[PDB]
Amino acid sequence: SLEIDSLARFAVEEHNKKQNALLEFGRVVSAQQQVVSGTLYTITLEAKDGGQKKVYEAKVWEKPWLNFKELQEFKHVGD
Amino acid sequence: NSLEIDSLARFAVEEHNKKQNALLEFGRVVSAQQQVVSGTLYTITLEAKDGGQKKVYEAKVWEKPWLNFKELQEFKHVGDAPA
C-alpha cells in the first residue's frame, strides 16, 4: 500500500529530524490501523521518587466503554 | 471527573513503575486537562538501516486527514535483523 509506505517513511524522517539521526528507510513489514475515539487526559501529578517529591506530566488515552487505558507519555517536569 | 482523573493518574504511575522498574510513590493529582480524540492511528513495523545494520522498528502515527495532521507518537527499536 502506497499510503502505509508513505506513513512509514514519514515516521523515519520525523525520527531522524527529532533525534538528529541518519536511519535509512528499508521497507514496511506489516501495518495495522484503527479508528481513534475516546479521551486524551493530560495529567500533572506529584509523586515521591529518589527521596524527594517530584512533579510529572502523564498523558493517558482512555476509552470508557472498554475500560481501555494507555499511557502515551510520562515525563518528569519539576519538583 | 475527580475520581476518574485520580484513577488515571494512579494508572499512569503504576504503568510507569512497571515499564521502567521504578518506585514512584503516588502523592496526588495537581491538575488535569482533557480532549476528545479522533482520526486514525497506524501501527507500523518497518525495517531501516542504522550505520551498517538493518534493524526492525515499530512506529505509531496518529493522523487526522481533514486537517492534514500527522503525529509520530512512537518510534521504537524492537528487533535486530541478520547481517
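Chains Z and A are the protein sequences, given in the same order. Going by UniProt numbering, the first residue of the first sequence is number 16, and it counts up by one from there. Going by UniProt numbering, the first residue of the second sequence is number 15, and it counts up by one from there. For every residue, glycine included, the Cβ atom is placed at its ideal position computed from N, Cα and C.
Query raised in the report: Can the beta-carbon of residue 93 of chain Z be found closer than 9 angstroms to that of residue 60 of chain A?
Result: no
Query raised in the report: Is the number of C-beta pairs between the stretch 64 to 75 of chain A and the stretch 22 to 29 of chain Z that are closer than 8 angstroms three or more?
Result: yes
Requested in this report: Output the distance between the C-alpha atoms of residue 31 of chain Z and residue 16 of chain A, rounded to the nearest integer angstrom.
Outcome: 39 angstroms
**Report entry** Three CB pairs or more closer than 8 angstroms across the stretch 48 to 62 of chain Z and the stretch 42 to 51 of chain A
**Finding:** yes
Requested in this report: Name, going along the chain, the residues of the stretch 27 to 44 of chain Z whose beta-carbon falls closer than 7 angstroms to a beta-carbon of chain A.
Outcome: 27, 29, 30, 38, 39, 40, 41, 42, 43 and 44
Query raised in the report: Given residue 43 of chain Z, which residues of its chain have a CB within under 6 angstroms of its CB, disregarding the five upstream and five downstream residues?
Result: 19, 20 and 23
Query - is_contact[residue 76 of chain A, chain Z] using C-beta, thresh 9 angstroms - result: yes
Query raised in the report: Along chain A, which residues have their Cβ under 7 angstroms away from the Cβ of residue 53 of chain Z?
Result: 51
Query raised in the report: Based on Cα-Cα distance, which residue from A:45, A:68, A:37 and A:28 lies nearest to residue 66 of chain Z?
Result: A:37
Query raised in the report: Where does residue 45 of chain A fall in DSSP's three states?
Result: strand
Report task. At 8 angstroms on the CB atoms, spell out the chain Z contacts of residue 48 of chain A, in chain order. Result -> 54, 55, 56 and 57
Query raised in the report: When the distance is taken between beta carbons, is residue 95 of chain A closer than 9 angstroms to residue 39 of chain Z?
Result: no
**Report entry** Closer than 8 angstroms at the beta carbon, the chain A residues around residue 64 of chain Z
**Finding:** 36, 37, 38 and 39
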